[PDB]
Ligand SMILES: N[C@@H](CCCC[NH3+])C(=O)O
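Next up: just one chain, as structure tokens, the form solved without the named molecule.
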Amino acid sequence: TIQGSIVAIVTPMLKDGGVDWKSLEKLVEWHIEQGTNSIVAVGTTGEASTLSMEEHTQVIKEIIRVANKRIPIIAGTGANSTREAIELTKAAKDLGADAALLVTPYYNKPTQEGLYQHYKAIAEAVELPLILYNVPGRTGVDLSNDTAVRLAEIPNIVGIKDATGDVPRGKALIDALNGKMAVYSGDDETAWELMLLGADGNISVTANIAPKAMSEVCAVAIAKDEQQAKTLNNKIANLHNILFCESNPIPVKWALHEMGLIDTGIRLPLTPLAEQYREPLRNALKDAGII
């Protein structure tokens, strides 16, 4: 069901690190006005790692409140402990989230069967649509297409965010699934191609700063309009590269501060974008017509 441009939203913070509730409310409003189709609250780009459990609950609560039913809200509820993933996922269900996004357990490297059991335990514990999320470069683990295809058989498991950026592999996954669950790109550089190949949307970093552009790229790609998807994506292609010059969300948070939309807060061990990269990032925003 959830389709189109799904922003992996940052969590705006004041200089001391506190959540900037005013800026967040404004950012959600702007996404809705510009065409973003859905918001992932407190995922990787929203610094899930350095927000407390109460801060997760509050950010999800506020985004749902401001959205006011206009678009679906997906809560990031991943953990590397199955028991913890369950508690987070239950809390998101109770807050009224439309779905949960659950990165594979990171750092502890479960087996493929361990991945299967982890997600099946969560699906069986919480009645809420769940979206798998594979990002092997961050986690230390790769949820294979074979394991994804198995998990798609579990009630409540409704999609996977594939951040491999490996388009032949994502095509092979979409073809094997034959509709049984959704595939979302988690790689802005190749998302337009995965959507042209049958992905249901793009859970996007770039949409944080170009929401109207990315909403258009997703609509034309989902519609299978290859030329329009190529042309529209080309206008923002350089943004997809520059937003990872340091680990996301470091650059995207700097881009939003340059746009005047958030302040500079970001939580250790993350750091504001290194000084040397701020001019090149400004130049990319200017080239793109964003500032």
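The first residue of the shown sequence is 1; numbering continues from there.
- Averaged over CA atoms, B-factors in the entry run higher in 221 to 229 than in the other of 246 to 254 and 221 to 229.
- When 86 to 94 is weighed against 128 to 136, 86 to 94 comes out higher, by mean CA B-factor as recorded in the entry.
- Remark: of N178, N80, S215, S204, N178 shows the highest value [criterion: C-alpha B-factor in the PDB entry].
- The PDB entry assigns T164 a C-alpha temperature factor belonging to the middle third of its chain's modelled residues.
- When the CA B factors of the chain's modelled residues are split into thirds, the value for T36 lands in the lowest one.
- Sorting the modelled residues of the chain by their CA temperature factor places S49 in the highest third.
- In the deposited entry, the Cα temperature factor of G76 places it in the lowest third of its chain's modelled residues.
- The entry lists a Cα temperature factor for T190 that places it in the middle third of the chain's modelled residues.
As for the form solved in complex with the named molecule, it is not shown, yet the points below apply to it.
- At a distance threshold of 4.5 angstroms between non-hydrogen atoms, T264 is out of contact with the named molecule in the bound PDB entry.
- Proximity of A125 to the named molecule in the bound PDB entry falls outside the 4.5 Å heavy atom cutoff.
- The closest non-hydrogen atom of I174 lies beyond 4.5 Å of the named molecule in the bound PDB entry.
- The shortest heavy atom separation between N37 and the named molecule in the bound PDB entry exceeds 4.5 Å.
- Site annotation in the bound PDB entry: the residue of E226, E246, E33, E62 reaching within 4.5 Å of the named molecule with a heavy atom is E246.
- Listed residues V158, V135, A91, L196 were compared with the named molecule in the bound PDB entry; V135 is the one with a heavy atom within 4.5 Å.
- Only one of 215 to 223, 166 to 174, 115 to 123, 135 to 143 places residue heavy atoms within 4.5 angstroms of the named molecule in the bound PDB entry, namely 135 to 143.
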